[PDB]
Each structure stands twice: as C-alpha cells, then as structure tokens.
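Here's a solo chain for you in structure tokens, the form deposited in one PDB entry.
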C-alpha cells in the first residue's frame, strides 16, 4: 500500500542524533540523520548549524573544546573508502580534505586539535595512524579491527578485535608509535579512557558481570577500579557501553544489563530516560547524553531531567503502531535462554503475522533501542521478534563468544528457537525472517537449513559465501572472517548458504547495496544465478551507489521499502 510507503518514509525521515562531544569552545557536536542524510551539526541551545557540505558517515571524536571537526566521508559511492575532511567550527560548511590520508576504511579516530589519530583498513593492513603538522605516520599495524578510544597527552588507548572474537586493549604513543596489546584472560575490554594518572580505565566484560579496571600501560598490571559511589558496582552491569573522563575529572560510565543502560558519574547513578545511552559529555557544567529506546529515535537529552536538546519527534500514530514490547527469554535447543525483544504491532491481530528480525554484527544486540526496521514492520502490521542469538553483545563474554567457529550453527538454532517461541507463545499466526548483514546471512541460513520454519525470508546486505567474500575483503574483514569462522575452509564452505541452495523452498527477497564492501554483491549475483538455475522463487533489489552503511533517507527507503512490500505481499497468501 501507499500507506506502507508513507509510514516507512516517515519512520526513516524522523531525525536521529548521536552525541559526539563538545567543540568550538562549548558547543555540542552531534551527528544527525536529518534533512535527508547524515550530517554533522553544532548545537548551542537553539538551532543547529550544519558543519558539512555533502553527506558524511561520521565524525572523529573531538577533544573537548577543539575548534574543528574531522568529517569522515565515503568517496567511493558506498564502498567505504573514506577520506577525512576538516571543518573549522568558526567557518561551518567550508571543508578541507586531509589529502595526506589516501582513501581507506576509516574505523575510528580521535582529533586532539593538534593530531588526528585514527585506525583504518586497506587491502593489506589495519593500522593506527597519526596525522599532525609533520604529516602522516603509521604508528602501528594492528592484527585486525581496531578502534581508538582515547588520547591523553602522548598516550593512545584503543580496543582491538585481534583474535578469537576477544577484545584487547591496546596502547600506542603519539610521538613514537608502537603497539602494546593487553589481553584479559577473563574477558574482553569494551571501553577505555586514560586517567589523569596516565593509566587506562577500561570496561572489562567477563563471562557474567562487567567491571571497571585500571590497566597500567607500563607493565600491563590490572587492578579493579573502585569508585567513590558504589551505585555502579552494585548495579552489576553485564556490559559497559562507554566510559570517559569529563573535563572536571569525573569518570562517566554508561553500563547496561538486559538491553537497558544506566549512567554513572564517579560511580553515582545519574537518572536518565529509560532505554539506552551513549557518551556523556559535560556541556556548560551540565550532563548530556544521547538516549534511545524501542519507541524513541536516538536523541540528545540533558541529565538528570531527560529534557531533550535535539529530538526527532516520533509522530503519535507511528508510536501507537507499537502496542507493546516485551523482553522474553526464548528456550533454545541446548537450554540457553535467548533474551529476545518483541514488539507487538497495534496493526496486527494476535496471533498475527510476525517477523523474526535478526540483528547484524554478529557482535551487536537487540536492546531497548530504536530500530527503524522493527518500527516499520510494526507500522506495517507485523509483530517483531528480535532474538539475541549467541554471538550477541550485552549478555556477557560467554554468550558472545559462543558463535566463534560456529556461524550457521548455534546462533541459527537461537533464531529458530525464537520462531518456535513466537508460534507456541501464541504471538505468531505466521512467521517470516528478515535481516540485514549477519541478519541477512541468518535469513539465508534459515531458508537453506530450516526450510519450512518460515513462510518467507528477506535477506539484506547478506553474507552469502564466506570464502569468496573473504577473498574480496580488506585486511580488517579478512581477519574478522577468520575469527568468526575459526580459520577453517570447511566451516567457510559448509556454513555458506550458497552451498545449500537446493534446500530452499520459501520465497526469498534479496536486498543488497551494489557497492557494499563488507558483504559484497558478487557472491549475491552468484546466489541469484543458483536460485535461477534451480528453479527457486526469488526477488532481488540492488540499490545503486550505495554500500553497507546507509547515509541517506532515500537509500534507507530503497533498502527497507522492498522488504516491507515483500512481507505485505506474502501476508496476502
């Protein structure tokens, strides 16, 4: 229906904001999907001032008060070969490309105002780079995906996915480069910030709980960090989203459990709107973070009031289309409880058409956080089931690392268990699977390995063939695929759904951005080739000049709309 498209359009079009920091003296730096695209803005109590010209993907983390912003922009029509552009915050809309940085996959970065330190992947390497007045320097080659978390003085701290799905802390020196990696035997570092003492405060996520530790970069000694207020440790977080020192020396921590987060300043709980929060900044002496929930598009709020600085208003009709949300614990094949977010649509009966909407990553989670796809499905009259299959973040190290070496195994059982739950709990009169990226991989895996479980499947930006994808991947993705698959060619082959096409029996909608460089299109063309040759029912939608990271409202429509149409169409059968 045209009503579908209008709702899909409006959900996409609602402005969404993330908090990046404080720049231009004491002005908020936010990135907003607004006015049709992702842009950087200054906010200082009134109207936003747009910093960039053309759409961007992100900005680098500014040190407090810096008079510039580094835009990260895709210059490869979606393939995520990014260049960096600086904007002097005094002169909004004037851009200077940082030409010493050849286009690469920029993974992360920080701008101190005097040096831009970033990680990026090329075909041959992941590396940590510093660009300052003397030009560009490779500080270190990283084993895999690596992210700069912080710079204080000469010390750079970061997080590395350098093996086994485990996250290491790494440090380097701005002046001299080099690399020190710190692994924990208990889990993975999730967050880091260098203290005034020049040690690294980090979130350590273990099997069950998460805690703060202090890593001394000189010897690798680790000790628990105890905070003045005990609200934080008595909250017993399973995950630590974010931490940072504020300008006044207080330590802000955002930690979470069961898909909802809480904010702590020197260990003391700060009231915040229910859902999930990102970074906390001090702006004009006051606390500010971003907030999201299943019914709240990412917005910037003041704490503790929850009062919005920057909020794209979810229209009340779209809000009403989500009649309810539960967190349930699906019983899986091996007795694992799969924490599963559920939206009941106010536009479906119960039992009703239900989509198991599978998250990407796999190191991500369905949480009490805004999900445009899920909202659009609920607007479209589908209940939504969003299972945190093993591999997911947010439920501890053991749950997340279970997926390692076992793609299309236990995690798909969790997805299937969620389908089973949806029917047996009485929610679903019929079941569909939909997912993007690792989610689309899961759609494909479900239709090949679990024919008959779903009525139909939507597979967006999907993993189709680990082997071919690997061979087309840059250094970061190659390493990531190695970790996920265990290195084994058996696993890479046997867990690729393009090798199990014969088993497909349900309608399949393929959606894929043409210049996706994470989940490349080439394997997907071969999949369509196989689907065609084997007489399989399928549709496909290839979106032009776009990649994995959707940064315009029209691209988001192009990749979401066909999914919703497909499922609406299937529902008339």
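Think of the rigid core as the biggest set of C-alphas that the two forms share within 1.5 Å after superposition. Numbering follows the first chain given and starts at 1.
- Omission of residue 223 is seen in none of the other entries compared for this protein where the adjacent residues are built, far below a third.
- Coordinates for residue 474 are absent from at least a third of the other compared entries of this protein that model residues on both sides of it.
- Just going by the entry, 219-227 versus 421-429 on mean CA temperature factor gives the higher value to 219-227.
- Look at the C-alpha B-factors of 206-214 and of 163-171. On average they run higher in 206-214.
- When the C-alpha B-factors of 304, 134, 353, 120 are read from the PDB record, the largest value belongs to 134.
- Of the residues listed, 53, 536, 526, 512, the entry assigns the biggest Cα temperature factor to 53.
- Ranked within its chain, residue 68 lands in the middle third, by CA B factor from the PDB record.
- Per the PDB record, residue ranking by Cα B-factor puts residue 499 in the middle third of the chain.
- Compared with the other modelled residues of the chain, the Cα B-factor recorded for residue 189 ranks in the lowest third.
- Ranked by Cα temperature factor within the chain, residue 27 sits in the highest third according to the deposited record.
- Split the chain's modelled residues into thirds by C-alpha temperature factor. Residue 548 is in the highest one.
Note that the form deposited in another entry isn't included here; everything after this is about it.
- With the rigid core aligned between the shown form and the other one, only one of 332, 168, 296, 238 has a CA shift of 2 Å or more: 332.
- With the core superposed, residue 523 shows a C-alpha displacement of at least 2 Å between the shown form and the other one.
- Fitting the two forms on the rigid core leaves the C-alpha of residue 65 displaced by under 2 angstroms between the shown form and the other one.
- Fitting the two forms on the rigid core leaves the C-alpha of residue 32 displaced by under 2 angstroms between the shown form and the other one.
- Panel note: the distance between the CA atoms of residue 346 and residue 311 is smaller in the other form than in this form, the difference being 3 Å or more.
- By 3 Å or more, the C-alpha separation between residue 402 and residue 200 grows in the other form relative to the form shown here.
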